[PDB]
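A.B. asks: Here it is, the structure in full.
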Amino acid sequence: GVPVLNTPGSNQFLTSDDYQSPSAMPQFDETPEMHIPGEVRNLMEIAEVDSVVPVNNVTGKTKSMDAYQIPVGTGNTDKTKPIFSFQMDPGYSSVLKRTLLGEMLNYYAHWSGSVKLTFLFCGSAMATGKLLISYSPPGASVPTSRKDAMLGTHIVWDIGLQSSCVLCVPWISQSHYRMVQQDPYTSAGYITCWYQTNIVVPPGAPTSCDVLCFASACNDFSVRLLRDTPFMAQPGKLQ
Amino acid sequence: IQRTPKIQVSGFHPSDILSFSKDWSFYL
Amino acid sequence: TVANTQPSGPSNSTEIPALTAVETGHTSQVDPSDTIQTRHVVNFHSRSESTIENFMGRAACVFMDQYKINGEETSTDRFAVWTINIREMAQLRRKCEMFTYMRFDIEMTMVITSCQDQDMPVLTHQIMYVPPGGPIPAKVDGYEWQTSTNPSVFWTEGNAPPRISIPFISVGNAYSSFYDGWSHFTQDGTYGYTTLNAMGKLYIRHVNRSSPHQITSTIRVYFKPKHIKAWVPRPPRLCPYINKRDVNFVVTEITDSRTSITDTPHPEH
Amino acid sequence: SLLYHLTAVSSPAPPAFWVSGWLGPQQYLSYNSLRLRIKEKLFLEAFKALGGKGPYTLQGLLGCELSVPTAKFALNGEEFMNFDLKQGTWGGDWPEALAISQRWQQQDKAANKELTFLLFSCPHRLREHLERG
Amino acid sequence: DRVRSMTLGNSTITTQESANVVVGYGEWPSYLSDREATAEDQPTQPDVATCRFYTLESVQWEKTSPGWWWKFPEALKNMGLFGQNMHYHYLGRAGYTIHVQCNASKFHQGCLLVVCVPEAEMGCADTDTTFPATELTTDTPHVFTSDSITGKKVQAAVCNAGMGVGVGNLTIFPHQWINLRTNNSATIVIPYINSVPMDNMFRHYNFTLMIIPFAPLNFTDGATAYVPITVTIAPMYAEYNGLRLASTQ
Amino acid sequence: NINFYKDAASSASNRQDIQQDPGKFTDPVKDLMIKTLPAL
Ligand SMILES: CCCCCCCCCCCCCCCC(=O)O
Ligand SMILES: Nc1nc2[nH]cnc2c(=O)[nH]1
Numbered sequence: 330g331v332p333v334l335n336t337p338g339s340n341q342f343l344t345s346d347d348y349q350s351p352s353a354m355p356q357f358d359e360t361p362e363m364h365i366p367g368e369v370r371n372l373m374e375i376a377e378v379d380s381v382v383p384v385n386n387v388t389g390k391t392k393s394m395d396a397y398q399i400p401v402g403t404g405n406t407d408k409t410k411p412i413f414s415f416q417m418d419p420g421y422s423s424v425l426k427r428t429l430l431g432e433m434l435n436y437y438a439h440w441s442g443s444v445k446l447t448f449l450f451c452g453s454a455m456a457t458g459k460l461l462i463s464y465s466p467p468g469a470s471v472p473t474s475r476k477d478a479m480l481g482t483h484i485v486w487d488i489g490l491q492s493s494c495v496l497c498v499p500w501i502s503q504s505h506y507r508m509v510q511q512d513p514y515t516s517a518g519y520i521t522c523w524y525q526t527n528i529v530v531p532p533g534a535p536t537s538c539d540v541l542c543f544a545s546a547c548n549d550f551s552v553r554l555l556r557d558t559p560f561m562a563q564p565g566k567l568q
Numbered sequence: 021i022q023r024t025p026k027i028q047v048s049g050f051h052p053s054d055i074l075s076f077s078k079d080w081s082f083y084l
Numbered sequence: 575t576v577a578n579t580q581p582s583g584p585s586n587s588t589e590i591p592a593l594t595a596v597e598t599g600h601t602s603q604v605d606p607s608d609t610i611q612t613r614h615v616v617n618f619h620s621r622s623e624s625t626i627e628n629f630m631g632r633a634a635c636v637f638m639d640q641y642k643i644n645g646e647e648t649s650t651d652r653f654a655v656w657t658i659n660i661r662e663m664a665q666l667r668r669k670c671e672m673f674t675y676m677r678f679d680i681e682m683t684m685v686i687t688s689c690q691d692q699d700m701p702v703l704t705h706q707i708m709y710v711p712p713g714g715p716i717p718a719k720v721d722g723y724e725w726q727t728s729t730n731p732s733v734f735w736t737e738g739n740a741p742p743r744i745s746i747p748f749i750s751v752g753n754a755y756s757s758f759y760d761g762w763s764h765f766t767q768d769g770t771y772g773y774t775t776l777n778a779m780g781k782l783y784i785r786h787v788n789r790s791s792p793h794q795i796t797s798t799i800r801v802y803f804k805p806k807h808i809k810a811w812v813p814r815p816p817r818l819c820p821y822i823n824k825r826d827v828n829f830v831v832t833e834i835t836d837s838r839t840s841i842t843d844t845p846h847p848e849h
Numbered sequence: 029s030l031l032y033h034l035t036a037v038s039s040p041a042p045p046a047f048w049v050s051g052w053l054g055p056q057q058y059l060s061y062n063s064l065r091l092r093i094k095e096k097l098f099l100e101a102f103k104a105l106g107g108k109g110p111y112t113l114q115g116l117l118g119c120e121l127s128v129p130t131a132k133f134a135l136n137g138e139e140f141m142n143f144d145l146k147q148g149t150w151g152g153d154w155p156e157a158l159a160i161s162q163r164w165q166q167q168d169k170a171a172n173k174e175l176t177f178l179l180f181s182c183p184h185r186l187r188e189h190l191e192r193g
Numbered sequence: 080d081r082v083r084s085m086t087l088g089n090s091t092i093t094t095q096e097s098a099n100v101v102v103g104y105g106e107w108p109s110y111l112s113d114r115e116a117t118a119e120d121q122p123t124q125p126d127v128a129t130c131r132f133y134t135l136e137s138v139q140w141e142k143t144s145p146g147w148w149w150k151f152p153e154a155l156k157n158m159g160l161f162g163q164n165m166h167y168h169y170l171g172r173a174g175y176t177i178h179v180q181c182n183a184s185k186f187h188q189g190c191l192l193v194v195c196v197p198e199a200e201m202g203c204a205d206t207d208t209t210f211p212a213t214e215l216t217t219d220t221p222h223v224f225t226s227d228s229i230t231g232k233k234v235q236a237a238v239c240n241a242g243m244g245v246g247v248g249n250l251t252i253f254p255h256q257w258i259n260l261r262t263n264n265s266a267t268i269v270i271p272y273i274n275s276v277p278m279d280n281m282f283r284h285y286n287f288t289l290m291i292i293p294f295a296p297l298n299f300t301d302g303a304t305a306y307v308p309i310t311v312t313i314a315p316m317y318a319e320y321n322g323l324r325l326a327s328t329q
Numbered sequence: 029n030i031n032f033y034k035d036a037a038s039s040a041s042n043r044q045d046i047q048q049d050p051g052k053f054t055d056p057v058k059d060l061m062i063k064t065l066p067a068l
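Protein chains in written order, with full-length UniProt numbering: chain A, 330 to 568; chain B, 21 to 28, 47 to 55, 74 to 84; chain C, 575 to 692, 699 to 849; chain D, 29 to 42, 45 to 65, 91 to 121, 127 to 193; chain E, 80 to 217, 219 to 329; chain F, 29 to 68.
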């Protein structure tokens, strides 16, 4: 019949090919489609949802809820020290990599887009505060004073009735994409927090409050290469 | 169930008091 | 494509896009155009790789087992059984359990290899699918193998791997990655998603009757979900898997730890 | 009429599993867990599937008569599950029956081990005893 | 928009310091439609008699409490005619308004994650065995634990919200927060979520409601030490098929 | 775009389909929340 020439790549099983193959059950009448609420069509729909960020993932606290609560307090000492500081790197930063954003990212090797860090003040309704949340692109080192941090992309969070503030990490990068793993070429910078003024409380309110951080992707966020997550390992056969 | 250990030790349940009958009741 | 960056200038107003309330269960829709001065960026990035079709559209191994060609007539080592499920391999299991309900077709591909130890030119294998309730083979040469309605694939080595499509064969309107409930109405019996797993069994054997020396073939089944619909996403599995039958886990820490809340690894020491 | 009388106890006083093999009215084989070993593990795995607190006793009657195989089981002196030779699955109506049946089929070939035991290895050894005794 | 008033049967819920209402997956409960039905008998729709606000037993928020969970609709057995229709029918199907109430002074502080988890299938604390249904279902609800427990019960270490996941990632489910400085109530309107048109209201827990304090409750001495958390839940568009003799559970 | 088999299960994956509705997870709130306005 038709003279054919088998080109290279024949009789191979590439796990990423989409070919038509004979069905095992011809004319199978599957179950009718039902409408189930909450159909997800893209992983970026999951990465766009806020998830509590364990900023306080210090040793011994990563099996508690203390991992999540950022302690802020009314006190005249160490007001010059940063409230918290981590690498803005949602793929490999231990602070961010296990959130929904970081979990979706790890299944990928490249990422791109803006990350919004939302900070929820969980103190008294009588506690007032102002915090400077900063983002420093990776050129210089980490800011070690509020003066070095106010020079970057920052926002002064006036704690009031709204209870939450958004620091948008605005995707300042030299390349269109960054690596999800760590490499110096695609470093994304640092997130630092500082007391703008202070947490001030009445005589009967608790003098120390907690802040919760939430990470999510923005409208321009996307992930590119598809890779196996380093988070799941199977040392042996299951049971 | 529980059974009365009829002594002639057999036809009882549970075991602590060795095989059992079609009754599932043990005896020694 | 993803949304472009709009130009934004200096602002001094009562609009507060950065001030929100996470208490509402609402994720803020802020983009950098609302918090800083941005430039117009015509963004051409698209989320094509992300989609559930591409995310799950990679053939993953779901079952590895071996079976000998020689043995006593009634030997059960001469055929392999699977009891089809997607919980045996942690990678595809974790990918599928990021959604509560899924509805896909399976593109099954098998990779059968031969292991010998110190002359049969090539072996033929039969992979018989036994839907729930069908007669299961007692021995490799049992009558069931003469599949009359069980779908079966035959494959001699050196050829392309065997590959078949499977429709969406659940009695429900979707596959359940999780089932918080029991098999019996009295709230006992089996707890969990093993209650809803009513996909058949997979029997694999050598169609060759015998061999001079013992040969151990290993079959690797590769599932690739296609035409996928997924509902109700869930947090990805944090803890390592223990059993292929339940959600049992050992308490795993939330993320890797640091030394202090301001511990930021920096190069410029 | 070859017959195996298997027993298992969740809470034994210091033999969690012991077997008595019979040919009709005479006992020839005795097995204890301290000193079938695959069904010793299969029986002790059954208590991990029951989810209850109180002590359980699992019994089995695995055997054959000239060939007919009996695969009956009792939970606390009450027959709760059977072996279905066609489907090759342990079967009962009680929730405990399905729970133990599922825990045993997780082993992924224990169903075929049981079916071969009842279909070929019990009749074979029964006739081998009939000839040698 | 802080104030909100919900009327379902002969019951009204008022709240003055509330966030928005969360409609689970942006869908409002509805009756099963003829194209998606499979059970052929006529459903019973006793709207006001069962689709009304039911108040569960309160729990006491403490400075160290790690959280609570309720499994629905099973927690609503013997809760009025809703529980009766659960007993007498084989199938049931309903959406729910889960109103969680926790008021406290302006000198208190704390934050709860009030989340509805569809199919919150949980793992046992002893990972080779299993647990009875009494370790999952409620009366009083089950509590999470700060540390990892053992036994034939749910692994309630709150870091893994009984499900072997990150507890901080539970916000992928229909959730809200009760920040004692912002609101004193959380409302979640969850529709019927399942892989089948209807299901048994007893052997299947369609969703679990978790209240988990992410910021612990704190107050100085003189402030009210007793701060309860009340869960009021109302079925919605409830219907039942396969009426038979009543269950005995 | 050609199907050589009669069954719909025996096709390739729908790789070109890119659609999404992130509002059912990010804005599942009943009353609409305009971004520039106060949340409460
Ligand atoms: C020789 C023909 C082989 C037929 C194989 C039938 C394949 C069974 C169907 C796959 C079941 C997938 C279940 C997914 C459950 C889940 O989403 O968690
Ligand atoms: N209060 C209310 N909100 C809806 N949103 C969509 N449908 C409805 C309805 O019927 N009542």
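From the three backbone atoms N, C-alpha and C, an ideal C-beta is built for every residue, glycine too.
If E:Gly-246 and C:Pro-711 are in contact, beta carbons under 8 Å, what's the gap, nearest whole angstrom?
C.D. replies: Residue numbering aside, residue 246 of chain E sits at position 166 when the fifth sequence is read from its first letter. Residue numbering aside, residue 711 of chain C sits at position 131 when the third sequence is read from its first letter. Incorrect: roughly 38 Å between the Cβ atoms, too far for contact.
A.B. asks: I'd like to confirm something about A:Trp-486: is its beta-carbon nearer than 6 Å to some heavy atom of ligand 2, or not?
C.D. replies: Sequence index remark: in the first sequence, residue 486 of chain A carries index 157 (1-based). Result no, Cβ not under 6 Å from ligand 2.
A.B. asks: Is C:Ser-728 near ligand 1, judged by its Cβ being under 6 Å from some heavy atom?
C.D. replies: Taking the first residue of the third sequence as position 1, residue 728 of chain C is located at position 148. It does not: the Cβ of C:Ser-728 is nowhere closer than 6 Å to a heavy atom of ligand 1.
A.B. asks: Taking the C-alpha atoms as reference points, what is the distance between A:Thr-344 and C:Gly-714?
C.D. replies: Indexing the first sequence from 1 puts residue 344 of chain A at position 15. Indexing the third sequence from 1 puts residue 714 of chain C at position 134. If you take the alpha carbons of A:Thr-344 and C:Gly-714, they lie about 31 Å apart.
A.B. asks: Under 7 Å between the Cβ atoms of D:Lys-132 and D:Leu-116?
C.D. replies: Mapped onto the fourth sequence, residue 132 of chain D falls at position 72. Mapped onto the fourth sequence, residue 116 of chain D falls at position 61. Cβ atoms of D:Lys-132 and D:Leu-116: closer than 7 Å.
A.B. asks: Looking at the secondary structure, which residues open and close the alpha helix (DSSP H) in which D:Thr-176 lies?
C.D. replies: On the fourth sequence, residue 176 of chain D is found 116 positions in, with the first residue counted as 1. Start and end: 170–176.
A.B. asks: Residues of chain F with a CB under 9 Å from the CB of A:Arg-370: which are they?
C.D. replies: In the first sequence, residue 370 of chain A corresponds to position 41, counting from 1. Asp-45, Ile-46, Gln-47, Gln-48 and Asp-49, listed in chain order.
A.B. asks: C:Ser-840 and E:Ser-275 look like a contact to me (Cβ under 8 Å); what is the Cβ gap, rounded to whole Å?
C.D. replies: As a first step, residue 840 of chain C must be located in the third sequence, where it is residue number 260. As a first step, residue 275 of chain E must be located in the fifth sequence, where it is residue number 195. Wrong, their Cβ atoms sit about 46 Å apart, outside the cutoff.
A.B. asks: Mind reading off the beta-carbon distance from A:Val-498 to A:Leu-446? Whole number of angstroms is fine, and I expect it under 8 Å.
C.D. replies: Reading the first sequence from its first residue, position 169 is the one you call residue 498 of chain A. Reading the first sequence from its first residue, position 117 is the one you call residue 446 of chain A. With 8 Å as the limit, A:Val-498 and A:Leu-446 qualify as a contact, their Cβ atoms being about 7 Å apart.
A.B. asks: Between A:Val-384 and A:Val-424, is the Cβ-Cβ spacing less than 7 Å?
C.D. replies: Here residue 384 of chain A corresponds to residue number 55 of the first sequence, with the count starting at 1. Here residue 424 of chain A corresponds to residue number 95 of the first sequence, with the count starting at 1. Contact: yes.
A.B. asks: So is D:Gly-193 buried or exposed if we call it buried at 16+ other beta carbons inside 10 Å?
C.D. replies: Sequence index remark: in the fourth sequence, residue 193 of chain D carries index 133 (1-based). Per the 10 Å Cβ criterion, exposed.
A.B. asks: Helix, strand or coil for D:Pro-155, going by three-state DSSP, please let me know.
C.D. replies: On the fourth sequence, residue 155 of chain D is found 95 positions in, with the first residue counted as 1. In this structure, D:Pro-155 counts as helix in the three-state DSSP scheme.
A.B. asks: Determine whether the beta carbon atoms of A:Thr-536 and A:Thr-406 lie at a separation below 7 Å.
C.D. replies: For the purposes of this step, residue 536 of chain A is identified with residue 207 of the first sequence, where counting begins at 1. For the purposes of this step, residue 406 of chain A is identified with residue 77 of the first sequence, where counting begins at 1. Not closer than 7 Å, so no.
A.B. asks: I want to check one thing, is the minimum distance from the CB of C:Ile-626 to the heavy atoms of ligand 4 below 6 Å?
C.D. replies: Absence of ligand 4 from the depicted structure is noted, with ligand 1 and ligand 2 being the only ligands included.
A.B. asks: Less than 7 Å between the C-beta atoms of E:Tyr-175 and E:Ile-313, yes or no?
C.D. replies: Stepping through the fifth sequence from its first residue, residue 175 of chain E is reached at position 96. Stepping through the fifth sequence from its first residue, residue 313 of chain E is reached at position 233. Result yes, Cβ atoms of E:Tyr-175 and E:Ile-313 sit closer than 7 Å.
A.B. asks: Within 10 angstroms of the Cβ of A:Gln-491, are there 16 or more other Cβ atoms? Answer buried if so, exposed if not.
C.D. replies: One-based indexing of the first sequence puts residue 491 of chain A at position 162. Label assigned to A:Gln-491: buried.
A.B. asks: Just to make sure I have the definition right: I need the residues of chain E whose C-beta is within less than 7 Å of the C-beta of C:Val-812. Which are they?
C.D. replies: In the third sequence, residue 812 of chain C corresponds to position 232, counting from 1. Those are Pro-197 and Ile-273, listed as they occur along chain E.
A.B. asks: If you measure from the CB of C:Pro-715, is any heavy atom of ligand 1 nearer than 6 Å?
C.D. replies: Locating residue 715 of chain C in the third sequence gives position 135, counting from the first residue. Answer for C:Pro-715: no, Cβ out of range of ligand 1.
A.B. asks: Can you find at least 3 beta carbon pairs, one from the region 821–829 of chain C and one from the region 363–379 of chain A, that sit closer than 8 Å?
C.D. replies: no
A.B. asks: What are the start and end residues of the alpha helix (DSSP H) that includes D:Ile-93?
C.D. replies: Residue 93 of chain D sits at position 38 when you count from the first residue of the fourth sequence. D:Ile-93 -> alpha helix (DSSP H) spans 92–99.
A.B. asks: Quick check on residue 194 of chain D: buried or exposed, where buried means 16 or more other Cβ atoms within 10 Å of its Cβ?
C.D. replies: Any question about residue 194 of chain D goes unanswered here, given that chain D covers just 29 to 193.
A.B. asks: Tell me which residues share the same chain as D:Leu-34 and place their Cβ nearer than 7 Å to its Cβ, disregarding the 5 neighbours each side in the sequence.
C.D. replies: Taking the fourth sequence and counting its residues from 1, the one referred to as residue 34 of chain D is at position 6. Within the same chain, D:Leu-34 has close Cβ partners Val-49, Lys-94, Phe-98, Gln-114, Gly-115 and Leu-117.
A.B. asks: Expressed to the nearest angstrom, what Euclidean distance is found between the alpha-carbon atoms of E:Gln-124 and E:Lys-150?
C.D. replies: The sequence position of residue 124 of chain E within the fifth sequence is 45, counting from 1. The sequence position of residue 150 of chain E within the fifth sequence is 71, counting from 1. Approximately 23 Å between the Cα atoms of the pair.
A.B. asks: Give a yes or no on whether the minimum CB-CB distance between C:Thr-650 and chain D is below 7 Å.
C.D. replies: Along the third sequence, read from residue 1 onward, the residue named residue 650 of chain C stands at position 76. Yes, because at least one Cβ of chain D sits closer than 7 Å to the Cβ of C:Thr-650.
A.B. asks: Classify E:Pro-308 as buried or exposed, calling it buried when 16 or more other Cβ atoms lie within 10 Å of its own Cβ.
C.D. replies: In the fifth sequence, residue 308 of chain E corresponds to position 228, counting from 1. Classification of E:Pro-308: exposed, given that the 10 Å Cβ count is below 16.
A.B. asks: Grab the span of the beta strand (DSSP E) containing residue 303 of chain A for me, first residue to last.
C.D. replies: A query on residue 303 of chain A cannot be resolved here, the shown segment of chain A reaching from 330 to 568 and no further.
A.B. asks: Could you name the residues that DSSP lists as bridge partners for C:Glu-681?
C.D. replies: Numbered from 1 along the third sequence, position 107 holds the residue referred to as residue 681 of chain C. Its beta-bridge partners are C:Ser-745.
A.B. asks: What is the C-beta distance between E:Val-196 and E:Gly-146, in whole angstroms, given that I count them as a contact (C-beta under 8 Å)?
C.D. replies: Looking up residue 196 of chain E in the fifth sequence gives position 117. Looking up residue 146 of chain E in the fifth sequence gives position 67. Separation of the CB atoms of E:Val-196 and E:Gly-146 is rounded to 12 Å, and the pair is thereby denied contact status at 8 Å.
A.B. asks: Let me know the alpha helix (DSSP H) ranges lying completely inside the region 475–562 of chain A, each 4 residues or longer, listed in chain order.
C.D. replies: 475–478
A.B. asks: Taking the alpha-carbon positions, what's the C:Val-702 to C:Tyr-783 distance?
C.D. replies: As a working mapping, residue 702 of chain C is identified with position 122 in the third sequence. As a working mapping, residue 783 of chain C is identified with position 203 in the third sequence. The alpha-carbon atoms of C:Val-702 and C:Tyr-783 are separated by roughly 20 Å.
A.B. asks: Quick check: the region 160–168 of chain E against the region 435–444 of chain A, are at least 3 beta-carbon pairs closer than 8 Å?
C.D. replies: no
A.B. asks: Under 7 Å, Cβ to Cβ, is there at least one residue of chain C near D:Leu-178?
C.D. replies: Against the fourth sequence, residue 178 of chain D aligns to sequence position 118. Judged by the 7 Å Cβ criterion, D:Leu-178 is not in contact with chain C.
A.B. asks: In the DSSP assignment, find the unbroken beta strand (DSSP E) run with C:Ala-718 in it and report its ends.
C.D. replies: Translated into the one-based positions of the third sequence, residue 718 of chain C becomes position 138. Following the DSSP letters along the chain, one finds C:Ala-718 in no beta strand (DSSP E), marked with neither H nor E.
A.B. asks: Comparing C-alpha positions only, which one of C:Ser-620, C:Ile-590, C:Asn-644 and C:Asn-578 sits nearest to F:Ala-67?
C.D. replies: Counting from 1 along the sixth sequence, the entry for residue 67 of chain F is found at position 39. By alpha-carbon distance to F:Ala-67, the top candidate from C:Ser-620, C:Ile-590, C:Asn-644 and C:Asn-578 is C:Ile-590.
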